[PDB]
Structures are given as structure tokens and as C-alpha cells.
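Worksheet: one structure, shown below.
Residue numbers (the authors' numbering), protein chains in the order written: chain A, 19 to 399, 433 to 470; chain B, 19 to 399, 433 to 470; chain C, 19 to 399, 433 to 470; chain D, 19 to 399, 433 to 470.
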């Protein structure tokens, strides 16, 4: 049986403050710009995931003003997350995405008559604004996400080229720079949409993942996430019709065949342009301190291994600025005289407040932990369990301080904690 | 270590009221009108910042009804801000901005077929309403803002004319008459948009700044801002496509080249017309007293140097009235018979309530202060630290009064303070 | 120093109820209809001000059931407003306004290409809905408003015909039948817009005033308004461009001249069609009793001179009904067979609750009052100070009654007053 | 003086439950369908009034389980309404109304140029959604409404055919099946709009009434309504211009005559298409029990005469379903093969909870009542005072029961009443 950390982890009055200070990300909203070689301008979209891997200093080395606090022979130290605040700079705004060649055939919302039939290539320049999403979740382990990917066909009828691919719910570790569901669902467009032209550039070549809350919530121990705030909204702006043969035509029993032009049923493969309504300060999730006092799982904010993963998604600041430089500052206004570009920006400032804890390594405690996270013990005395994955490394080792009243969150803390 | 002002600044029961009374600004919403020489009609936009430099009378001179209150040999007097109310006249409304030659090529929200390709100069007359914004912040030092400016290239490949300029987060002192982010982000359009036609006239030639909250909040002492109320909202009205060569074309791996007309991929440099929903009294920020009782920083409203900076931004009253005078009052309706103009207006009435404080200049106090703000001491016995900057000077020297019940805010005060 | 009425006005337990009962206004929404002589059908718009001059009976004559209550030799009687309720009939709805010849040249929200240039007279039939506004304020003096009018040029360069007129903030007494700001600001269109075609008929020939709250609030005594509820909301529906020469062209430094058609910069004199969102009962201001127990000013509801001014603005019931009568009831449907008309309606029912008060005329009281309102004394023992002004006279002399439980507001009162 | 029923009507602990059970109305939304003779398919619109005449059993006959409760010689029994719940079936939705030949000339919201002039008959097929309205009011007397009807001209200038009719505020008894104000105001379109084509079919031939709250509220006794919940909302969808001669042209002083096409001023008789925003459960009024504990009037829910009138208006369930039957089930899709129809539906279930009361008929009580409602006495020992009027008769005589816990409202009651 799993037990609440509150049962084998002694707490103290030692609190420290830590902040990563200003963090900037600056790139192209839709795709990375590599000079036909290496990546120079990285892809930085507002609809991207931000998974910060916050590294804390190992207290079992740290030099305290006191040292009579315990027996380094029978007990060990651990950092526990007391509260955090995800600072967010830059003004509020929405980000436009599009595709020069979107597979958007006919507008079905309100269309006059049964026009002709599409020939070859009817793609058109389309642009819209994605679904608004604000979310944040802390844990001592990377977050889990879900998306739909191409499955594996069994020993069945040879899949004639063009058959609808098999859907599979894939679970994975949400990494930094991953794409958020934008309104076309959480799926791997790269693999399920061969034409590379069914959704905006910023996602038509990757995967859009969605937090696998239900799975994490059932985590036996609860290291994945012991806190989370989600806020997503969206409505249907326009109604479209795709171009291309209809893999699965409309059944006869469902319609009354028409004559003349109508004799050729139109594409019944509908789609809609998503859109988030307005964004406002009132609904702002971040820039507000969150005090975790009682996790819903068994791990009550214990940063095992001196690690701490903070996932963040914020589209409320997705303005994609545009800038152009001239190349012929003289002719009378000539479009060719200029080069237009796309640049997006992200501004963070992660600040936390941790509390020193101890653990007397009794026979039984040693056992429970070894079954829970053998790593934890093996360290209290190597390779990275997530070396392949990519997270925004945030090193906070030389960033701790017990002078709480010297920092905004610290001040807020003392205040809130009454004493 | 920085200490809370509440530890070395004694408070009293002496309260005074002060108000700047009616303040008017009247000009042209988009640009200043100089008669080809000097500036006559100033630029007064609703989307402009209002940084009032409120000057208070030096209490260490002031003539009180009493004078036994202290020893002018060991202690000094300081004004502390207790509360204020930013009066706002004129009705509610929104302000239209535009550009006769905006670089708005094709509407991408919903466009028919793959039109032709732009030639030279396709600019069109466009008009929209900006992002709604209400904010206010007090401090004993000017506020800090952020915007993106043209950076400095290192000893790298010669920047071929037309290359995308380098972005740099510039920090600066928000001055009166500065531009607020309107939906196209906080950047210096003058420098990043060479064509001078990518955004409305009221901002295509200047900088749009955004409060650098995170930086001010981390102010070691906290003189920048000890109070602030922000409220911004906005949505995407229309989706546009710019004209001009695409500095960074869409990568091959992201699309399936098309033949015929489609063979020439369209501009994938999207943009959107911003818009603030409705404005209503319910969301009104101003015309309401704000009682600062416990600043979040260490400076609890102490107006060091007898100064006080009040920043204000209010677009809820940005109606840009129009007026026309005739030149041929007789002909049968002829457009040429009239000259149309643009005029905007702002109406303020800053009223405050200050509390007299004292400070015994002990050895240690003298030290702390000298490190904090040497100026403060050097005065208690010159050039302006912000002579170059421009603020709306509000002189309140002959405006103080201890007859609280004779003024609206005063009345409100007594009431609120129970006694 | 001004003193609170609560200091020299004794209160009693005598309360009376009074109501004006049903009040109807029925006319034309845009202009009055005079048969080329006298005014028959008056102008009754929803966006009109309603300033009721409520006349009360002079208690210093009134015949009470008791009369031992005081010495008519040393003290006088005064009515104090305890509470009121502005009854409003007719259903909720919005009112359409328009102009057959509005100076609306090109729609700038989204316009294709640089069309040609306007010739002479391009005015078009336009119609929209104004900014929603609900407000109400009581006082013993008429309300003050503000609007922009044509100023007076000093001894300067001869104002060449057509120069932009000089703006002046004019303060005035808001009279019944005045126009409310509708979204084009508070100004005197008659004088600032020579072409008579820049805004709807209901306002293109008059002034739109806005309550001068700030000025009234600073009223030394506070007889102007001791209570007020305001609720206004609005958004930008469409974006227009005016026709007529541009008095102040766009500065060269702000744009890159274009060649060809673009060589002639379009009118940069933008405007927007206002609109109030939906109206709903939830936001209804009226038909709810308001109990004034502690005025924000010094006059706590004392109806000096037995007068009482109640200003009201309510556009939530501005439906402009249409009706047509036939002239050839037989022909096969022929437009000429009918005459269409426009009629608006207003339905009020002002009910109050007053409290008898007394004032011993001591030497000092006599003085204070004589300085405050000499009239008040001169009466306690003539011409109208507002004879020229026009208010909706509401006589309540024969309308008082001490049988509170016999009237809805009375019942509400007893209830609310607990006893 | 009128006295509160609570003074002469003794209450008891006897409570009963009653419900009308399922009530269905099924017909045509716009007009009744009579087979050129008698009415078969009745008109059942969502924007119709529902005035239920709930008949209760006369307790002065009723057979109780007890009978020692009083002296049938000196006192009488009366039913008092304690609480009710208006059950509503069918899903939420809006109802479309229209007119094949609506007098809608030119769209004035945004129209290009000064088009030509209308000839004869320009009516067009128009369709929209009405203003949303939810209301409910109980009383022991039918509700009062108001609408504008054709008045009566005095001994004045012979009303030349076509002159604007005279408006009169007509008060009447709101009957079942009456029309609710839908956005074109409360008036008698049949009489004020001769062309029969100015508003949708469902109202162009009848009257739209609005509750005369103010009048009922002033009811000396208060039998009209001792409870009421109103909730109406609406916004302006489109702006129209009517066709037909302008009875009262625009005054010269208001405009600058134009000179070519413009020389003929267009119709300045504007109108707007109304619309209710979305409907949602959150704003649902019904399907919630209402406990009347203290009426605002003097009659605290005393069902004099064993009658009870319940008025209801609910447009939140106005979906107008469509259905078609074939007539040539074989040909290759041919419109003529089918007949389309219109059918609306209403589902109610009125449930109440009454409380037995008594009244000792003392000399004085007999008097008060005789003056109040002589009928009441004459019965305690004939023709219908509203025989001509039409209400939805709801007989609850055999529907009473003292087994409260056997019914939903009963259960809710016991719960709510704590005991």
C-alpha cells in the first residue's frame, strides 16, 4: 500500500527562496530557421509547451548557518515545494497562424449554389487564431501527455494504399517545445495527414499533445503532478470542406440521390476554423502565487532527487510581431524593396519557495522508498533517466536564500503564512 | 539587507488633502500638427501613457498650526501617500486608428481562389480599434517599461541589406506621451518596420512600451511602484497577409509544392486586426479611491524627495471626435466646400491624501538611507535626475489642506478610516 | 468652512409618500414635427435627457394632524429626501438612428483596393444603434453637464475660412430634452460640423452633453447631486472614412509616398459606427428603490426651497416603433399607397418618500445659510432662478400622504426600515 | 385604508399538494390552420402568453379527516398559495419568424452607393429570431398588460387619408394565446400597420402586449400579482429601411440638400432586426420552486374565490420544428415531390402547494371584504366575470392531496420548511 509522504518525511521551519530571474525565448512562430545547415533561429511559438527542469541544490552537502539540526548517520535531507509563482512578461495578445496552401475547398457555412467540382490543387492562403489555453502543473517528474498516432495493423487484409490509417492513443512525456492542442485535436498530423496541407504550418509537421490528466491522477505515488491549473476556451469561427477523394462516401440509405449537377455528392468531410474569444487580465492564471499546502496525491510536494518539473502553457501572450528591413531605400514605394519577417517572444521568471525536510532511514522506510524510487536511495551516498528528452534546464543551485523578506514571493509568503 | 520603511519611519495623525483639479489635454490623435516649424497642436491619443510628476511641498519648511511636534535637530519630515483617486471626465468610447497606406495585401480569413501575385505597392486604407487597456501605478520613482528594439550584430557575417534585424529587449523609463501596446506588440516600429506602413499612423513612427512589472517588482527597495491595477482585453477581428518579399520562405519539408498558379507559394507572413470588446462602466478602474495601506514592497508609500509619480493609461475614453468647417457655404453640396479634422481629448483630476511622517536621523539610519538614496540626505539641509525625460508636471505645493471634510476624497477618507 | 447638514437640521419620525403616477411622452425620435408653424409632435428620443423638476409642498403652511411639534417663531420646516424609485414602463429594446445623407465615404474595416477618388457628394443612407446608457441622479439643484463647443480665437492670424475651429469645454445646466452622448462624443455638432451630415439626424443639429461629475462632486455644498448611478457600455461596429478635404494632411515623415493611383493619399479621417451590446433585465438600473441614507456631500438629501431635481437617462427602452396608414386601400400592392411614420414613447412613474425636518434659526445658523443659499431665508417669511431653462415640471403638492403602507414604495420603506 | 390579509386571515398547519400534470399545446407557430371553415390546427407560438386559470376546490365543502377544526357558523375557509413550480419539458432552443413579403427596402447598416429609388412593391423574404423573454407571475386575478393602439381624434382637422394615426396607451387583460413584445414594441400592428407587411406573420395581424407592472404594483389591494420574475434580453442584428412615402419628411434646417441622384432624400424611416443572444440553462427561470412567504402587496397569496391565475412566458424553448411528407416517393429528387410544414410545441406541468386558512366573519371583517370583493361574500353561502376572456382552464379540484412527501414539490417543501 502507498503511504502519504506526510508519514515518513519530517518537516522543519527552514524556508528558502529561489528564482530563475528573467528567461527569454526568441524565434520564429511557425518553423525554425536553419541556414540550410545548423539551427540558428529556433521555433518559439506561443502555442508551445514550456517544460522547465528546475534543478535544486542537494541539501545533503549544502552549508547551513547551523549544523546541529541532525544525525547525518541515520537521516537524510529533502527539499519540499511550498509555493511558486510563474512570472510572465510581455503584453497580452493573440497569435495568428496560417498556411499558404491550406486544403480548404468550399466554405460550407453559407454557400450559394452547387458549384462545380474541384480539379487538382485548390489549396488557398488561410489564416486564423488558435484555441486559447492556460495551464500549469508542478511535479517531481515530467508530465504525461496524449495524442493520436498511426497505429499498427494486425495480420489483416493488405492495407490498400490510401486506406484510413488505424488510430492509437499514444502516451508520452511532454517535452519542452512540444505543440499544444490548437483546435484540430491532439494528434500527430505529420503521420495522419499525408498532404502536409490540412492544418497551419506550426503544427502540420509535428504532434499536438494534451495532458493525460486521468493517467497522471491515477499515478500510484503521484510524482507526475501534485498541482495543476487548466483554463481553455474556444469557438467555431468558420466552416470548411476539404478537397480530395472521400475515403468513405455517404451511405445510400442516408440520402436521396440528386440528378443533374447534384448527381455528384460533394465532400462531406467538414472542418471548422477554431478561435479563442478575447483574452483579458481577469482570466489571467499566472503572475499569482500558488501555495501548495496539501497535494491531492501522496507526494505532498517532495522534490525527490532535488528535481522539480514545471510545465507551462500560455497563449494569452502569443502576439506574433512582424518586422521588415529595406533593401532599396529609394525607389518610389516598391514592395520588392523590403523583406518581411516573423518573430515571437516569451518572457518568464520562475520563482519558488522551498522547505527543508528530513527522513530518518529506518529499516522500513528504506524498503518503502527502494520500491518507490530506488534512485532516490542510490544517490543518498551516473546517467540521466531522461537524457534523450529536452527540457528548459533551469539551474537554481546558487540561487537559494533564507532571507525571505528580500524577495517578492518571500514577502508574499511571510504575509500569507501569517507569521 | 533591505528593511521595511515601517521600521525607521514614524507615522503621525497629521493627514492632508491635495488635488490637481481639472487637467485637460487637447490635440490630434495620430500625429502632432506643427505649422512646418514649431509644434502647435500636440499629439494627444487615448492610447498614450500619462506619467504625472506630482510635486509636493517639502514639509521641512512648511508652517504648521503646531510646531512642538519634534526636534528639527535630530529628525526630518517626509510625506507618505495614504490614498488617491484618479478623476476622469468625458464619456466612455473607443478610438479609431488607421493608415491610408497600410501594407495589407490579402485577407486570409476567408479568401476564394489563388489570386494573382502582388506587383508594386498594394497598400490600402485600413482602420480599426485597438486593444482596450486600463492601468494605474503609483511610486516615488518613474515607472519602467519594455519594448523590442533593433539590436547590435556581433562580429558576424556582414548583414546583407534586408536581413532580419536582431531583437533586443530594451528597458526604459516610461515617459508621458509614450505609446501603449495596441495589439501589434511592444516594439519600436520606427526601427523594425522600414516601410513605415505596417501599422497605424499613431504608432508606425514611435515605440510601444509595456510596463516591466517583473523588473520593477524585483526592485530591491521598491520605489518604482508600490501599487498597480492592470486590466487589458482584446480579440482578433480580421486576418491579413503582408506584401513584400518573404525573408524566410517556408521550408520544403513542410509543404507539397503545387503546380500551375499554386507553384508560387503566397506570403505566409500573417497578421491580425486587433479589437477591444465593449467598454462598460462595470469594468471601470478609475474614479474610485484606492487606499494603500500595506505596499507589497519595502517602501510603504513614502514619497522620498517630496516626489510622487502617477502613471495612468485609459483607453475607455478614447473617442476621436471629428469636426469640419466650411469654405464655400453656398454651393449645392460639394465635398470640396469643407475641411474635416481630427481631435482627441483627455480630462483628469488627480486627488490624493498624504500623511506626515518623521525620521530620527540616528547613525545607523543615516547609513541605510545613504546607501538607498544618497539624494534624500543631501537634500535634507542642484540638477534634475530626470531633466531630459518628459512628464506632466503637477505642482501641488500650494494645494495641501488639513480640512479633510472639505473635499470628496477627504470625506471618503474619514468615512473609510472609520474615525 | 462648510458644515454637514446633519449638524443644523433636526430630523423627526414624520415620513410621507409621494408619486407623480403615470407620465407619458410621445413623439418623433429624430426631430419635432411642426406643421410649418407651431410645434405639434414633439421630439421624444430614447437618447434624450429627462430632468424632472419635482415640486414639493412647503411644510411651513401644510396642515398636520398634530401642531404642537414646534415653535414657528424660532424654527422652520424642510423636506428631506429619504428614498425614491423611478418607475419605468414599456418593454426593453434598442433604438435605431440614421441619416439619409451621412458623410460616410469608404468602409475601411476591410476594403479591397485603392478605389478611385470621391467627386462631389457621396453621402449614403446609414443606420445604426447608439451607445447604451443608464444613469440617474438626484439633487436640490439642476445637474451640470459638459460638451465641446466652438471656442473664441484670440487676436491671431485671421482664421482663413475652413480652418479647424477652436475647442472649448462648455459647462451648462442639463435640461430636459437634451441629448446624451451617443458614441460620437459630447460636442455641439451643430457648430462643429458644418456639413450637417456627419452624424444621425437626432443629434446632427444639437448638442450632446455629458454629466460633469467631477465638477459637481467638488461642489462646496453639494446640492447638485447627492446620489447617482451610471451604467454605460459600447463597442465599435463599423469603421468609416469621411469625405471632404483633409484639413491637416499626413506628415511626410510618417509615410512613404506611393506612385500611380496610390500617389493620392486617401482620407485618413476615420470614424466608427457605435453600438451597445444587448440590453437585459439583469443590468436594469431603474424599477428598484434607492434609499439615500448618507450622501457623499454635505447636503444629505435636504430639499432646500421645497425643490427636487431628478435626472434620468434610459436607453434600455428606446424601441422606435413604425406605423403606416394607407391612402389607396385597393390597388394591387403599391408602395405609394402608404405613408410610413416614426414614433417613440417613454413611460415614467416617479415615486418618493420624504422626511419632515426642522431648523432652529439661531444667529449662527441664519448666517451660514445666508451665505450658502440666501434664497432659502428670503422665502421663509418673486422670479424663477431657472425660468429660461426647461424641465419636466412634476407637481407633488397635493400628492403627499402619511399612510405609507398604502403605497408600494411605502410598503418597501417600512419593510426596509425594519420598523 | 387597505389592511394586510395577515390581519384577518388565520393560518393553519394544513398543507396540500396539487399538480396539473403534463400539459401539451401543439400547433402552427405563425397562424392557425382552419380548413376554410373551423379551426383545426391552433396557433401555438413560443412567443405567446400562457395564462392558466387554475381552479381549486372550495374548502367550504371539502371532506377533511378532521372536522372539529372550526365553527361553520362564524368562520369560512380559504386557500392560500404557499409555493409553486412551473414544470417545463422539451429542449432549449430559439424560434424563427419571418414574412415572405416584409417591407424591408434597403439595408442601411453598410450600403455602397445611393442606389435608385423604389418603384412599387419591393417586399422581400426576411427571417429572424425574436427577443428572448422569460417571465412568470401569480395572482388571484388575471394580469394586466399594455400596448399601443389607434386612438380617437378629437373635433379636429379632418384626418386626410394617410395621416399618422393617434397613439393611445390601452390597458387590457392579458389572455392566453396573446403575443409577447418581440422587439418591435408592444403595439397593435393590425391597426397601426395597414400594409400588413411591416413585421413577421406571427404578429403582423394581432397585438403585442407588455405586462403593466407599474399599474398592477399600485393595485390598492394587490390581487393582480403578488409575485413575478422577469428576464428579457435582446440586441440589434440588422438595420433596415422601410418602403413607402415618408409621412413626415426630414426638415430643411437639418440637412444640406444634395444635387444629382442625392437630390431625392432616401427613406429615413429606420428599423432593426431584433435578436436574443444565446439561451442557456444558467439563466433558466422555470423548473425551480418558488416559495412565496411575504407578498409585496397586501394579499399574501390568498386565493379569493378559490381561483388562481398563473401567467407564463418562455421563449427559451421556442424551436419551430419542420417536417415534410412525400407525395411522389420515386422520381429522382424533385422538390414538388414534398410538402413542408411548420409545427411548434409547448410542454407544461404546473405544480403547487396550498395552505388552508380561516376567517371569522365579524361585523367589521364582513364590511372590509364587501368593499374589497363583494363576490367573495356572495359566494360563501351565477355568471363568469371573465366569461368572454380566454384562459387555459386548469382544473385542480380532484387533484389535491395532504400526502406531501409523495410529490416532488411536496418533498421540496418539507425540506425547505425545515420541519
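No residue lacks a Cβ here, since even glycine has one placed at the ideal position from N, Cα and C.
Original post:
Quick one, are the C-beta atoms of residue 104(A) and residue 330(A) less than 7 Å apart?
Top reply: For residue 104(A) and residue 330(A), yes; Cβs fall inside 7 Å.
Original post:
Closer than 7 Å, Cβ to any Cβ of chain C: which residues of the segment 56-76 of chain B, in chain order?
Top reply: Within the segment 56-76 of chain B, no residue qualifies.
Subject >> Opening and closing residue of the alpha helix (DSSP H) in which residue 384(C) lies >> reply: For residue 384(C), the enclosing alpha helix (DSSP H) covers residues 381-390.
**OP:** Starting from the beta carbon of residue 224(D), find every residue of chain A whose beta carbon is closer than 9 Å, and list them in chain order.
**Re:** From the beta-carbon of residue 224(D), no residue of chain A is found nearer than 9 Å; the closest lies around 32 Å away.
**OP:** Verify the CB distance criterion: does residue 78(D) have a CB-CB separation below 7 Å to chain C?
**Re:** Cβ-Cβ to chain C under 7 Å: no for residue 78(D).
**OP:** Could you tell me the boundaries of the alpha helix (DSSP H) in which residue 467(C) lies?
**Re:** In the DSSP assignment, residue 467(C) falls within the alpha helix (DSSP H) that extends over 459-467.
Subject >> Pair within 7 Å by beta-carbon distance, residue 291(C) and residue 151(C) >> reply: Here residue 291(C) is not near residue 151(C), since their CB atoms are 7 Å or more apart.
Original post:
Closest by CA to residue 342(D), which one among 240(D), 353(D), 348(D), 335(D)?
Top reply: Ranking the options by Cα distance to residue 342(D), first place goes to 353(D).
Original post:
Can you tell which of 449(A), 158(A), 153(A) has its C-alpha closest to the C-alpha of residue 66(A)?
Top reply: Minimum Cα distance to residue 66(A) is reached at 153(A).
Original post:
By DSSP, does residue 233(D) sit in helix, in strand, or in coil?
Top reply: Reduced to three states, the DSSP call for residue 233(D) is helix.
Subject >> Alpha-carbon to alpha-carbon, residue 218(A) and residue 287(B) >> reply: In this structure, the straight-line span from the alpha carbon of residue 287(B) to that of residue 218(A) is close to 12 Å.
**OP:** Assign residue 375(D) to buried or exposed, taking buried as 16 or more other Cβ atoms, counted over all protein chains shown, within 10 Å of its Cβ.
**Re:** When all chains shown are included, residue 375(D) counts as buried.
Subject >> chain B within 7 Å of residue 268(D), Cβ atoms only >> reply: Residue-level contact check: residue 268(D) does not touch chain B, since none of the beta carbons of chain B fall below 7 Å from its beta carbon.
**OP:** Could you name the residues of the segment 183-198 of chain C whose beta carbon sits closer than 8 Å to any beta carbon of chain B, in the order they occur along the chain?
**Re:** For the segment 183-198 of chain C, the set of positions with a beta-carbon nearer than 8 Å to some beta-carbon of chain B reads 183, 185, 187 in chain order.
**OP:** May I have the straight-line CA-CA distance separating residue 77(D) from residue 96(D), to the nearest angstrom?
**Re:** When rounded, the distance between both Cα atoms is 7 Å.
Original post:
Straight-line CA distance for residue 9(A) to residue 166(B)?
Top reply: Examination of residue 9(A) is not possible in this model, given that chain A is present from 19 through 470 alone.
Original post:
Within 7 Å (strictly less), CB to CB, does residue 139(C) reach chain B?
Top reply: It does; some Cβ of chain B falls within 7 Å.
Subject >> residue 33(B): first and last residue of the uninterrupted alpha helix (DSSP H) it sits in >> reply: Membership of residue 33(B) in any alpha helix (DSSP H) is not indicated; the residue belongs instead to the beta strand (DSSP E) covering 28-37.
Original post:
Three-state secondary structure (DSSP) at residue 23(B)?
Top reply: Helix at residue 23(B).
**OP:** State the Cα-Cα distance for the pair residue 204(A) and residue 142(A), rounded to the nearest angstrom.
**Re:** Rounded to the nearest whole angstrom, the C-alpha separation of residue 204(A) and residue 142(A) is 24 Å.
Original post:
Within this structure, are the beta carbons of residue 191(B) and residue 238(B) separated by less than 7 Å?
Top reply: No Cβ-Cβ contact shorter than 7 Å links residue 191(B) with residue 238(B).
Subject >> Sequence ranges, beta strand (DSSP E) only - wholly within the segment 168-213 of chain C, length at least 3 >> reply: Listed in chain order, they are 185-191.
**OP:** Let me know the beta strand (DSSP E) ranges lying completely inside the segment 65-127 of chain C, each 3 residues or longer, listed in chain order.
**Re:** With a minimum length of 3 residues, the continuous beta strand (DSSP E) runs that stay inside the segment 65-127 of chain C are 68-73, 93-106, 114-120.
Original post:
Could one say the Cβ of residue 263(B) lies closer than 7 Å to chain D's Cβ atoms, at least one of them?
Top reply: Not a single CB atom of chain D sits nearer than 7 Å to the CB of residue 263(B).
Original post:
When you compare only the Cα positions, how much space is there between residue 139(A) and residue 261(A)?
Top reply: Cα to Cα, residue 139(A) sits roughly 8 Å from residue 261(A).
Subject >> Through-space distance from residue 247(B) to residue 309(C), alpha-carbon basis >> reply: Taking the straight line from one Cα to the other gives about 31 Å.
**OP:** Can you give me the Cβ contacts of residue 446(C) inside the same chain, cut-off strictly under 6 Å, excluding the 5 residues immediately before and after it?
**Re:** 73, listed in sequence order.
Subject >> Residue range of the unbroken beta strand (DSSP E) whose run includes residue 255(D) >> reply: Taken as a continuous stretch (DSSP letters only), the beta strand (DSSP E) holding residue 255(D) covers 245-259.
Original post:
Does residue 144(D) have its Cβ less than 7 Å from a Cβ in chain C?
Top reply: It does not; no Cβ of chain C falls within 7 Å.
Subject >> Cutoff 7 Å; reference residue 256(C); Cβ partners in own chain excluding five residues on either side >> reply: Excluding sequence positions up to five before and after residue 256(C), its CB lies within less than 7 Å of the CB of 125, 127, 290, 291, all in the same chain and listed in chain order.
Subject >> For residue 102(A) and residue 157(A), believed in contact at Cβ under 8 Å, the rounded distance >> reply: The beta carbons of residue 157(A) and residue 102(A) sit about 12 Å from each other, so the pair does not count as a contact at 8 Å.
Original post:
If we count the other Cβ atoms within 10 Å of its Cβ and call it buried at 16 or more, is residue 117(B) buried or exposed?
Top reply: Per the 10 Å Cβ criterion, buried.
Original post:
In chain B, what lies closer than 9 Å to residue 127(C) by C-beta?
Top reply: Simply 144, 145, 146, 255, 256, 291.
**OP:** Determine the burial state of residue 70(C): buried for a count of at least 16 other Cβ atoms within 10 Å of its Cβ, exposed for fewer.
**Re:** Buried is the label assigned to residue 70(C), since at least 16 other Cβ atoms lie within 10 Å of its Cβ.
Subject >> Cutoff 7 Å: residue 339(B) Cβ touching any chain C Cβ >> reply: Closer than 7 Å: yes.
Original post:
Under a three-way DSSP split, which group does residue 279(C) fall into?
Top reply: Residue state, collapsed to three classes: helix.
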